[PDB]
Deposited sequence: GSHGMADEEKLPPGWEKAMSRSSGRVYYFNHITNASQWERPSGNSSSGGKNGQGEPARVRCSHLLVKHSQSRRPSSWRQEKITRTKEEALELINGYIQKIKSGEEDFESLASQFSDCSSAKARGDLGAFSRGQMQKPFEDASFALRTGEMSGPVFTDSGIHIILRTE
């Protein structure tokens, strides 16, 4: 299977699913360019490198509370109840929020390493699960 993918078994159902340990993506169905383009939604927490954003001068949520927020945004995006662009614009603690989280194109050697690795392991159109860096917790959408 492509880079990072392993076969696993569901806790509730017993059905096979697939888990990517590089993007933290998981999906039911069976699953490198010089440059990729991604958007993200960042949720900072009290242990972030810079616990401050356009949304909130002092970010005080714990890492666990950030992960809970991230997982709720993933659920809404996957259900189609909200789209990624809209939750990024509204809720991302990154300054790219004002561009629907779009970061433009980048190559390896530019981003923090867990962000880069996840970005380059996603398929075009594919969204990560929670990705952790010193900025905080991310949802990454690879758009090209």
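- For this chain, the deposited residues without C-alpha positions form the stretches 1-10, 42-54, given in sequence order.
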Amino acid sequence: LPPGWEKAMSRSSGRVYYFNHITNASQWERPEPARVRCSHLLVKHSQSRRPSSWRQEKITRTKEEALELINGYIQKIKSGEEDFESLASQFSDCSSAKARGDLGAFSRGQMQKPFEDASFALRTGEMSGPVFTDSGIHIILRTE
From here on, numbers count along this sequence of modelled residues.
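- Stretch comparison (82-90 versus 53-61) by mean CA B-factor in the PDB entry places 53-61 on top.
- If you average the C-alpha B-factors over 103-111 and over 72-80, the higher value belongs to 103-111.
- For the set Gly14, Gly136, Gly129, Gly125, the maximum C-alpha B-factor listed in the entry falls on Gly14.
- Annotation for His40: CA B-factor lies in the lowest third of the chain's modelled residues.
- The PDB entry assigns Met9 a C-alpha temperature factor belonging to the highest third of its chain's modelled residues.
- In the PDB entry, a CA B factor belonging to the lowest third of its chain's modelled residues is recorded for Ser119.
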